[PDB]
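**Q** Data file entry_5.txt (compact mmCIF, C-alpha atoms) is appended below.
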```
# COMPACT_ATOMS: atom_id res chain seq x y z
CA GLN X 10 6.66 -7.84 -54.93
CA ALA X 11 2.95 -8.37 -55.95
CA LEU X 12 1.04 -6.48 -58.62
CA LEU X 13 -2.53 -6.39 -59.76
CA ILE X 14 -3.70 -5.12 -63.13
CA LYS X 15 -7.43 -4.45 -63.31
CA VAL X 16 -9.04 -4.64 -66.74
CA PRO X 17 -12.62 -3.38 -66.41
CA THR X 18 -13.16 -3.65 -70.17
CA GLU X 19 -11.58 -6.16 -72.55
CA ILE X 20 -12.95 -6.23 -76.09
CA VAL X 21 -12.83 -9.17 -78.43
CA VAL X 22 -11.87 -7.45 -81.68
CA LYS X 23 -11.51 -10.55 -83.89
CA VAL X 24 -12.55 -14.15 -83.22
CA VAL X 25 -12.65 -17.13 -85.54
CA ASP X 26 -14.26 -20.19 -84.00
CA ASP X 27 -16.50 -23.17 -84.47
CA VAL X 28 -17.97 -23.20 -81.00
CA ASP X 29 -21.69 -23.62 -80.67
CA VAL X 30 -22.17 -21.46 -77.54
CA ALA X 31 -25.62 -22.98 -76.87
CA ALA X 32 -24.27 -26.57 -77.06
CA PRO X 33 -20.46 -26.60 -77.06
CA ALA X 34 -18.59 -29.75 -77.93
CA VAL X 35 -15.26 -31.45 -77.54
CA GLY X 36 -12.95 -30.56 -80.43
CA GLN X 37 -14.35 -27.05 -81.02
CA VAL X 38 -11.74 -24.38 -81.23
CA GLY X 39 -11.22 -20.61 -81.38
CA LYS X 40 -8.58 -18.01 -82.13
CA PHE X 41 -8.95 -14.48 -80.79
CA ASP X 42 -7.50 -11.00 -80.58
CA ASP X 43 -8.52 -8.65 -77.79
CA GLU X 44 -7.89 -5.11 -76.68
CA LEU X 45 -7.60 -4.25 -72.97
CA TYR X 46 -8.82 -0.98 -71.39
CA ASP X 47 -8.44 0.73 -68.01
CA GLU X 48 -11.14 2.47 -65.90
CA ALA X 49 -10.70 5.70 -67.99
CA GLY X 50 -11.11 3.96 -71.36
CA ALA X 51 -7.43 4.13 -72.26
CA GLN X 52 -6.04 1.09 -74.10
CA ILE X 53 -3.46 -0.69 -71.94
CA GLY X 54 -2.73 -3.73 -74.08
CA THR X 55 -3.81 -6.43 -76.45
CA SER X 56 -4.02 -10.20 -76.34
CA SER X 57 -3.71 -12.73 -79.03
CA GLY X 58 -4.57 -16.41 -78.27
CA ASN X 59 -6.42 -19.60 -78.99
CA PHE X 60 -8.42 -22.31 -77.24
CA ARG X 61 -9.66 -25.85 -77.75
CA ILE X 62 -12.40 -27.76 -75.94
CA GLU X 63 -10.49 -30.96 -74.94
CA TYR X 64 -12.66 -33.18 -72.74
CA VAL X 65 -15.74 -33.33 -70.50
CA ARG X 66 -15.02 -33.51 -66.79
CA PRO X 67 -16.91 -36.67 -65.63
CA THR X 68 -17.97 -35.54 -62.23
CA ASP X 69 -20.04 -32.54 -63.36
CA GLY X 70 -20.00 -32.28 -67.14
CA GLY X 71 -17.56 -29.34 -67.17
CA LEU X 72 -16.35 -28.59 -70.72
CA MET X 73 -12.65 -28.50 -70.17
CA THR X 74 -10.95 -26.08 -72.46
CA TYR X 75 -7.27 -25.29 -72.87
CA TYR X 76 -6.48 -21.62 -73.45
CA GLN X 77 -3.12 -20.13 -74.60
CA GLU X 78 -2.41 -16.45 -75.12
CA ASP X 79 0.18 -13.75 -75.15
CA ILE X 80 -0.85 -10.53 -73.53
CA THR X 81 1.08 -7.46 -74.71
CA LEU X 82 0.84 -4.60 -72.31
CA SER X 83 2.50 -1.22 -72.85
CA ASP X 84 5.34 -2.21 -70.43
CA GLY X 85 5.88 -5.93 -71.20
CA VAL X 86 4.44 -9.26 -72.35
CA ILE X 87 2.75 -11.98 -70.17
CA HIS X 88 2.13 -15.45 -71.52
CA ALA X 89 -0.90 -17.25 -69.98
CA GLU X 90 -2.12 -20.78 -70.59
CA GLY X 91 -4.21 -23.44 -68.89
CA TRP X 92 -7.62 -24.84 -68.25
CA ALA X 93 -11.12 -23.31 -68.03
CA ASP X 94 -14.65 -24.78 -67.91
CA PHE X 95 -16.41 -23.51 -71.00
CA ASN X 96 -19.74 -23.68 -69.05
CA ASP X 97 -18.29 -21.06 -66.77
CA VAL X 98 -17.13 -19.05 -69.81
CA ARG X 99 -20.56 -19.05 -71.49
CA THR X 100 -22.42 -18.21 -68.25
CA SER X 101 -20.39 -15.13 -67.36
CA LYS X 102 -18.49 -16.77 -64.42
CA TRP X 103 -14.82 -16.03 -63.68
CA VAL X 104 -12.21 -18.37 -65.15
CA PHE X 105 -8.45 -18.37 -64.56
CA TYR X 106 -5.15 -19.95 -65.53
CA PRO X 107 -1.42 -19.44 -64.84
CA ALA X 108 0.54 -16.61 -66.30
CA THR X 109 4.26 -16.19 -66.71
CA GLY X 110 5.97 -12.82 -67.30
CA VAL X 111 7.87 -12.93 -70.63
CA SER X 112 9.34 -9.38 -70.92
CA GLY X 113 9.65 -5.93 -69.58
CA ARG X 114 8.12 -5.14 -66.25
CA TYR X 115 6.97 -8.79 -65.95
CA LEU X 116 10.21 -10.62 -66.49
CA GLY X 117 10.78 -13.02 -63.60
CA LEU X 118 7.16 -12.71 -62.31
CA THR X 119 4.53 -15.42 -62.29
CA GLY X 120 0.88 -15.42 -61.41
CA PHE X 121 -2.58 -15.75 -62.88
CA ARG X 122 -4.74 -14.46 -65.67
CA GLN X 123 -8.47 -14.19 -64.82
CA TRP X 124 -11.40 -13.06 -66.89
CA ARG X 125 -15.17 -13.25 -67.17
CA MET X 126 -17.28 -12.85 -70.28
CA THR X 127 -19.71 -10.01 -70.19
CA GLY X 128 -20.67 -10.20 -73.96
CA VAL X 129 -20.50 -13.27 -76.23
CA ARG X 130 -17.67 -12.92 -78.78
CA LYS X 131 -17.38 -9.20 -77.82
CA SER X 132 -16.59 -8.24 -74.18
CA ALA X 133 -15.08 -9.33 -70.84
CA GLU X 134 -13.68 -8.01 -67.58
CA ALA X 135 -10.24 -9.27 -66.41
CA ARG X 136 -7.56 -9.23 -63.73
CA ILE X 137 -3.89 -10.12 -63.99
CA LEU X 138 -2.27 -10.90 -60.59
CA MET X 139 1.53 -11.40 -60.46
CA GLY X 140 4.28 -11.76 -57.89
CA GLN T 10 -4.00 -3.59 -53.66
CA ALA T 11 -2.01 -6.92 -54.20
CA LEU T 12 -0.20 -9.02 -51.62
CA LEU T 13 2.20 -11.98 -51.76
CA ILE T 14 2.85 -14.26 -48.72
CA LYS T 15 5.89 -16.47 -49.20
CA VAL T 16 5.97 -19.72 -47.17
CA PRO T 17 9.39 -21.19 -47.58
CA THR T 18 8.57 -24.10 -45.22
CA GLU T 19 5.17 -25.62 -44.64
CA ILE T 20 5.07 -28.74 -42.47
CA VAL T 21 2.35 -31.39 -42.55
CA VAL T 22 1.82 -32.01 -38.87
CA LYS T 23 -0.93 -34.61 -39.20
CA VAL T 24 -2.17 -36.48 -42.29
CA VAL T 25 -4.68 -39.32 -42.49
CA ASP T 26 -4.94 -40.73 -45.98
CA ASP T 27 -5.24 -43.85 -48.13
CA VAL T 28 -3.24 -42.61 -51.13
CA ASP T 29 -0.65 -44.92 -52.64
CA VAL T 30 1.89 -42.26 -53.65
CA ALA T 31 3.69 -44.72 -56.04
CA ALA T 32 0.44 -45.58 -57.87
CA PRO T 33 -2.30 -43.21 -56.87
CA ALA T 34 -5.89 -43.96 -57.76
CA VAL T 35 -9.27 -42.45 -58.11
CA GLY T 36 -11.21 -42.49 -54.84
CA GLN T 37 -8.16 -42.10 -52.57
CA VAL T 38 -8.51 -39.32 -50.06
CA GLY T 39 -6.60 -37.40 -47.37
CA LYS T 40 -7.14 -35.02 -44.49
CA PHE T 41 -4.30 -32.79 -43.32
CA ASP T 42 -3.21 -30.18 -40.83
CA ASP T 43 -0.20 -28.03 -41.61
CA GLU T 44 1.91 -25.30 -39.97
CA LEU T 45 3.34 -22.47 -42.07
CA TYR T 46 6.78 -20.95 -41.36
CA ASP T 47 8.70 -17.90 -42.50
CA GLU T 48 12.40 -17.62 -43.56
CA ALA T 49 13.51 -17.40 -39.94
CA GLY T 50 11.51 -20.41 -38.73
CA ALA T 51 8.80 -18.46 -37.05
CA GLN T 52 5.24 -19.82 -37.36
CA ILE T 53 2.97 -17.63 -39.44
CA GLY T 54 -0.10 -19.80 -39.73
CA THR T 55 -1.80 -23.13 -39.97
CA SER T 56 -4.05 -24.92 -42.51
CA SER T 57 -6.62 -27.63 -42.16
CA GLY T 58 -8.00 -29.35 -45.22
CA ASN T 59 -8.80 -32.37 -47.24
CA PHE T 60 -8.56 -33.79 -50.76
CA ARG T 61 -10.03 -36.51 -52.97
CA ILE T 62 -8.65 -37.98 -56.18
CA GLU T 63 -11.75 -37.64 -58.48
CA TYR T 64 -10.92 -38.54 -62.14
CA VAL T 65 -8.19 -38.85 -64.77
CA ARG T 66 -7.51 -36.02 -67.34
CA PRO T 67 -6.78 -37.40 -70.92
CA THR T 68 -4.29 -34.93 -72.40
CA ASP T 69 -1.60 -35.77 -69.86
CA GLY T 70 -3.22 -38.62 -67.68
CA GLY T 71 -3.44 -36.19 -64.82
CA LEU T 72 -4.80 -37.54 -61.59
CA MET T 73 -7.31 -34.79 -60.96
CA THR T 74 -7.69 -34.13 -57.25
CA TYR T 75 -10.03 -31.66 -55.50
CA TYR T 76 -8.51 -29.83 -52.51
CA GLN T 77 -10.31 -27.77 -49.86
CA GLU T 78 -8.68 -25.98 -46.92
CA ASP T 79 -8.88 -23.14 -44.54
CA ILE T 80 -5.66 -21.23 -43.89
CA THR T 81 -5.43 -19.37 -40.60
CA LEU T 82 -2.81 -16.66 -40.55
CA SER T 83 -2.01 -14.36 -37.65
CA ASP T 84 -4.05 -11.56 -39.21
CA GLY T 85 -7.00 -13.40 -40.88
CA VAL T 86 -8.35 -16.54 -42.59
CA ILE T 87 -8.25 -17.55 -46.25
CA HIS T 88 -10.33 -20.35 -47.73
CA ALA T 89 -8.87 -22.17 -50.74
CA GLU T 90 -10.31 -24.88 -52.90
CA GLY T 91 -10.02 -26.38 -56.34
CA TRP T 92 -8.26 -28.81 -58.64
CA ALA T 93 -4.65 -30.11 -58.77
CA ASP T 94 -3.00 -32.86 -60.68
CA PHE T 95 -1.71 -35.42 -58.19
CA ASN T 96 1.10 -36.40 -60.56
CA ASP T 97 2.41 -32.84 -60.14
CA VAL T 98 1.90 -33.17 -56.37
CA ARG T 99 3.91 -36.41 -56.07
CA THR T 100 6.74 -35.21 -58.46
CA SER T 101 7.37 -31.96 -56.49
CA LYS T 102 5.90 -29.60 -59.10
CA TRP T 103 3.91 -26.49 -58.18
CA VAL T 104 0.16 -26.80 -57.93
CA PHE T 105 -2.47 -24.08 -57.39
CA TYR T 106 -6.15 -23.34 -56.82
CA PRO T 107 -8.26 -20.33 -56.00
CA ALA T 108 -8.34 -18.65 -52.61
CA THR T 109 -10.92 -16.34 -51.08
CA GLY T 110 -10.28 -14.11 -48.06
CA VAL T 111 -12.71 -14.98 -45.21
CA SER T 112 -11.64 -12.65 -42.36
CA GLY T 113 -9.31 -9.98 -41.13
CA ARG T 114 -6.70 -8.59 -43.43
CA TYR T 115 -7.97 -10.81 -46.25
CA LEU T 116 -11.68 -9.88 -46.22
CA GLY T 117 -12.76 -8.93 -49.72
CA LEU T 118 -9.51 -10.22 -51.36
CA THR T 119 -9.35 -13.12 -53.80
CA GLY T 120 -6.45 -14.86 -55.41
CA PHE T 121 -4.54 -18.08 -55.40
CA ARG T 122 -3.06 -20.67 -53.05
CA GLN T 123 0.08 -22.34 -54.48
CA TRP T 124 2.28 -25.09 -53.11
CA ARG T 125 4.90 -27.67 -53.98
CA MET T 126 5.52 -30.88 -51.95
CA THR T 127 9.20 -31.20 -50.97
CA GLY T 128 8.79 -34.17 -48.57
CA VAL T 129 6.09 -36.84 -48.93
CA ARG T 130 3.45 -36.40 -46.15
CA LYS T 131 5.63 -33.94 -44.33
CA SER T 132 6.94 -30.83 -46.14
CA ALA T 133 6.15 -28.28 -48.78
CA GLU T 134 6.85 -24.72 -49.86
CA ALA T 135 4.04 -22.34 -50.73
CA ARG T 136 2.84 -18.93 -51.89
CA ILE T 137 -0.41 -17.11 -51.35
CA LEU T 138 -1.10 -14.37 -53.89
CA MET T 139 -4.13 -12.08 -53.26
CA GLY T 140 -5.68 -8.82 -54.62
```
Spell out the structure here as C-alpha cells.
**A**
Amino acid sequence: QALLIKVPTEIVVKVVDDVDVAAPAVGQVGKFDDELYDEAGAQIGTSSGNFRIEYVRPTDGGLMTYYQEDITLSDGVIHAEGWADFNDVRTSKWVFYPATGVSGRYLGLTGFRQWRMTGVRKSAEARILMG
Amino acid sequence: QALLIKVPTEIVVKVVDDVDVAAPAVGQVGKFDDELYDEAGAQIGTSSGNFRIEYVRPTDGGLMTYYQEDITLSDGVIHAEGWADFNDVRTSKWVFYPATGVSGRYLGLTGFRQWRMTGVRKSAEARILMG
C-alpha cells in the first residue's frame, strides 16, 4: 500500500510571522493556515501549522527550521513535522519532513510531506507520499 | 503512481569505518556495502554508500551525519542522500533521507530511503517509498 497526493496549488490564506525573508534569523517564527487544491481547482484540504527557525547548520549556513502542521483532507488528517532549510524555502526549492496518518484513510500510514514555495506568504506546490 | 518496497532484512556485508558507536564523534566516517532481502530470504538488491558525522544539532544533541548511497535493485537504480541523526542510528530508531530514481523502473520517480539498524555493523530493516 503506497499513495501519492499531488497538490499543484496550495494557498497560504493566513500567516502571522516575524521572519525577515531577505535576512532570516534564528528565533523567528510563523503560524499559518493553508488551503490545498487539485489539478481542477477543487479544494481537497487545509493545513494549519507553525514553524520556528532554530539554528544555523555550521557546514553551509542552512537556516534550520522546525515545522509542525496538521493537514486535514476530505478523507482524513495527516500530522507532519520536522526540519527544513529556510534558505531552500525562500528560494523556491523543495523541502520535506515526515508525516504520520492520524485519521480516516491515513490511519496506520506513514510517509512524507513535501512542498515548495512558489509565492512568498501566498502560494506553494506540494506532494504527500504515504505507505 | 506511488510504490513502496519493503526490505525486512538488509545485511551489511562489508563496512570500513572509524565510528565509536558508544561515543560517536564529528569527523568519523564509514563506507558500506549491503544486500537487501525480501520476506522469503531472496535477494532483491544491493547498496553501496558512505557517511560522515558532520556536526551536532542543539535541540536534541543530534549527531548529524550525511549519507550517500546507490541502491541497485533487480529492475533499476535509486540514488539516496541526505541527513540522519546518528543517535537514532545507534539506538535502532528509523532514519530517512531523499531518494531519486536513476534508472529502469525508477527513472523519473523521487521519494525517500528509510532504514533502522537492528544489528550494529551488520543488520537493518528498510523501506523505499517513491512516486
**Q** Residues near residue T:86, anyone? I mean within 10 Å using only C-alpha atoms, not counting same-chain ones fewer than 2 positions away, as an mmCIF file with C-alpha atoms, in the frame of the given file.
**A**
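Here's the written file around_19.cif:
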```
data_model
loop_
_atom_site.group_PDB
_atom_site.id
_atom_site.type_symbol
_atom_site.label_atom_id
_atom_site.label_comp_id
_atom_site.auth_asym_id
_atom_site.auth_seq_id
_atom_site.Cartn_x
_atom_site.Cartn_y
_atom_site.Cartn_z
ATOM 1 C CA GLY T 54 -0.100 -19.800 -39.730
ATOM 2 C CA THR T 55 -1.800 -23.130 -39.970
ATOM 3 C CA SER T 56 -4.050 -24.920 -42.510
ATOM 4 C CA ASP T 79 -8.880 -23.140 -44.540
ATOM 5 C CA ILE T 80 -5.660 -21.230 -43.890
ATOM 6 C CA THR T 81 -5.430 -19.370 -40.600
ATOM 7 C CA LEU T 82 -2.810 -16.660 -40.550
ATOM 8 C CA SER T 83 -2.010 -14.360 -37.650
ATOM 9 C CA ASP T 84 -4.050 -11.560 -39.210
ATOM 10 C CA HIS T 88 -10.330 -20.350 -47.730
ATOM 11 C CA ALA T 89 -8.870 -22.170 -50.740
ATOM 12 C CA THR T 109 -10.920 -16.340 -51.080
ATOM 13 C CA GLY T 110 -10.280 -14.110 -48.060
ATOM 14 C CA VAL T 111 -12.710 -14.980 -45.210
ATOM 15 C CA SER T 112 -11.640 -12.650 -42.360
ATOM 16 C CA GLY T 113 -9.310 -9.980 -41.130
ATOM 17 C CA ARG T 114 -6.700 -8.590 -43.430
ATOM 18 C CA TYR T 115 -7.970 -10.810 -46.250
ATOM 19 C CA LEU T 116 -11.680 -9.880 -46.220
#
```
**Q** Which chain T residues have any atom within 6 Å of an atom of chain X, and for each, what is the nearest pair of atoms with distance in Å to one decimal, counting all atoms listed in the file, rows sorted by chain and number, as a tab-separated table?
**A**
```
residue	atom	partner	partner_atom	distance
T:11	CA	X:12	CA	5.4
T:12	CA	X:11	CA	5.4
T:13	CA	X:11	CA	5.6
```
**Q** Pull C-alpha atoms from the residues just selected and write them as an mmCIF file, in the coordinates of the input.
**A**
```cif
data_model
loop_
_atom_site.group_PDB
_atom_site.id
_atom_site.type_symbol
_atom_site.label_atom_id
_atom_site.label_comp_id
_atom_site.auth_asym_id
_atom_site.auth_seq_id
_atom_site.Cartn_x
_atom_site.Cartn_y
_atom_site.Cartn_z
ATOM 1 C CA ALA T 11 -2.010 -6.920 -54.200
ATOM 2 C CA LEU T 12 -0.200 -9.020 -51.620
ATOM 3 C CA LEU T 13 2.200 -11.980 -51.760
#
```
**Q** Neighbours of residue T:104 within 8 Å (all atoms listed in the file; same-chain residues fewer than 4 positions away dropped), as a PyMOL selection string?
**A** chain T and resi 93-94+97-98+123-125
**Q** For stretch 35-49 of chain X, work out the shell of residues within 7 Å, counting only C-alpha atoms and skipping chain neighbours fewer than 6 positions away, then give it as a PyMOL selection string.
**A** chain X and resi 16-28+55-64
**Q** With C-alpha atoms retained, export the selected residues as an mmCIF file, in the frame of the given file.
**A**
```cif
data_model
loop_
_atom_site.group_PDB
_atom_site.id
_atom_site.type_symbol
_atom_site.label_atom_id
_atom_site.label_comp_id
_atom_site.auth_asym_id
_atom_site.auth_seq_id
_atom_site.Cartn_x
_atom_site.Cartn_y
_atom_site.Cartn_z
ATOM 1 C CA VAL X 16 -9.040 -4.640 -66.740
ATOM 2 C CA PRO X 17 -12.620 -3.380 -66.410
ATOM 3 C CA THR X 18 -13.160 -3.650 -70.170
ATOM 4 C CA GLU X 19 -11.580 -6.160 -72.550
ATOM 5 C CA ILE X 20 -12.950 -6.230 -76.090
ATOM 6 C CA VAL X 21 -12.830 -9.170 -78.430
ATOM 7 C CA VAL X 22 -11.870 -7.450 -81.680
ATOM 8 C CA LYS X 23 -11.510 -10.550 -83.890
ATOM 9 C CA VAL X 24 -12.550 -14.150 -83.220
ATOM 10 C CA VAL X 25 -12.650 -17.130 -85.540
ATOM 11 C CA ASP X 26 -14.260 -20.190 -84.000
ATOM 12 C CA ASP X 27 -16.500 -23.170 -84.470
ATOM 13 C CA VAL X 28 -17.970 -23.200 -81.000
ATOM 14 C CA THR X 55 -3.810 -6.430 -76.450
ATOM 15 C CA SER X 56 -4.020 -10.200 -76.340
ATOM 16 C CA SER X 57 -3.710 -12.730 -79.030
ATOM 17 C CA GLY X 58 -4.570 -16.410 -78.270
ATOM 18 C CA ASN X 59 -6.420 -19.600 -78.990
ATOM 19 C CA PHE X 60 -8.420 -22.310 -77.240
ATOM 20 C CA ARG X 61 -9.660 -25.850 -77.750
ATOM 21 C CA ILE X 62 -12.400 -27.760 -75.940
ATOM 22 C CA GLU X 63 -10.490 -30.960 -74.940
ATOM 23 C CA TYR X 64 -12.660 -33.180 -72.740
#
```
**Q** How many Å separate atom CA of residue X:74 from atom CA of residue X:91?
**A**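 We find that atom CA of residue X:74 and atom CA of residue X:91 lie 8.1 Å from each other.
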**Q** Could you tell me how far atom CA of residue T:103 lies from atom CA of residue T:119, in Å and to one decimal?
**A** 19.3 Å
**Q** What does the distance between atom CA of residue T:134 and atom CA of residue X:90 come to in Å, to one decimal place?
**A** 22.9 Å
**Q** Taking all atoms of stretch 17-29 of chain X that the file lists, what box with edges along x, y and z, padded by 8 Å per side, do you get, with centre and edge lengths in Å to one decimal, as AutoDock Vina command-line options?
**A**
```
--center_x -16.6 --center_y -13.5 --center_z -76.0 --size_x 26.2 --size_y 36.2 --size_z 35.1
```
